[PDB]
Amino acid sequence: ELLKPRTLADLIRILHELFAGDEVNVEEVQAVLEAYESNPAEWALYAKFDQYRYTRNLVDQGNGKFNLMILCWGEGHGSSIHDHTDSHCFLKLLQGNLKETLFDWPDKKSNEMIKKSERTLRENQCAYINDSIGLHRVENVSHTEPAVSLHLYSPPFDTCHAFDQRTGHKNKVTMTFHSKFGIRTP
């Protein structure tokens, strides 16, 4: 019985219930993420920015079944074109806006990766991606407003691939946490 999360802590409790089993009801997870109304005071602890690139801040390690983290995007900060390592990936905006650009999986032939579409993800909206849908790039294109997003991945993963937009060639990247549970982890 999906109820509206009252707070971030409540959302986390609800997520532990939704991931109690072996499968994932994507539409339910997306719905409860969207229903949480971002309250900056509840997540300030995790919103640790870096001047030069976006940061990944672990919030909850789940139940063996999911990571939950907050990403902090300075003005002009963005990601590579990347995959999600056979995991579900939910992205909910907590503050600001992000541009999501979708790409198809490249062919073996070296070729420019042409965007398939783009959209603007706005505060409180929750997007979903997985490798069957495609690849994406996420960017804070704002010149004046930092963005903060809440990401849930299931199963957890700590590596993915970055794709060269000019060729489609991929390289494996290991993702690192800037902080965990509010503690900076250099």
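For clarity, a rigid core is taken as the largest C-alpha set superposing within 1.5 Å between two forms. For every residue, the number given is its place in the sequence shown, counted from 1.
- With 61-69 and 28-36 as candidates, the stretch whose CA atoms show the greater average offset from this form in 4 other deposited structures of this protein after a core fit is 61-69.
- 37-45 and 61-69 differ in mean CA B-factor, and the higher of the two is recorded for 61-69.
- Higher mean CA temperature factor between 18-26 and 168-176: 168-176, per the PDB entry.
- Comparing C-alpha B-factors across 75, 100, 83, 104 in the deposited entry, the largest value falls on 104.
- In the PDB entry, the Cα temperature factor peaks, among 149, 140, 117, 55, at 117.
- Sorting the modelled residues of the chain by their CA temperature factor places residue 133 in the highest third.
- Sort the chain's modelled residues by C-alpha temperature factor and residue 31 lands in the middle third, per the entry.
- When all modelled residues of the chain are sorted by CA temperature factor, residue 50 is found within the lowest third.
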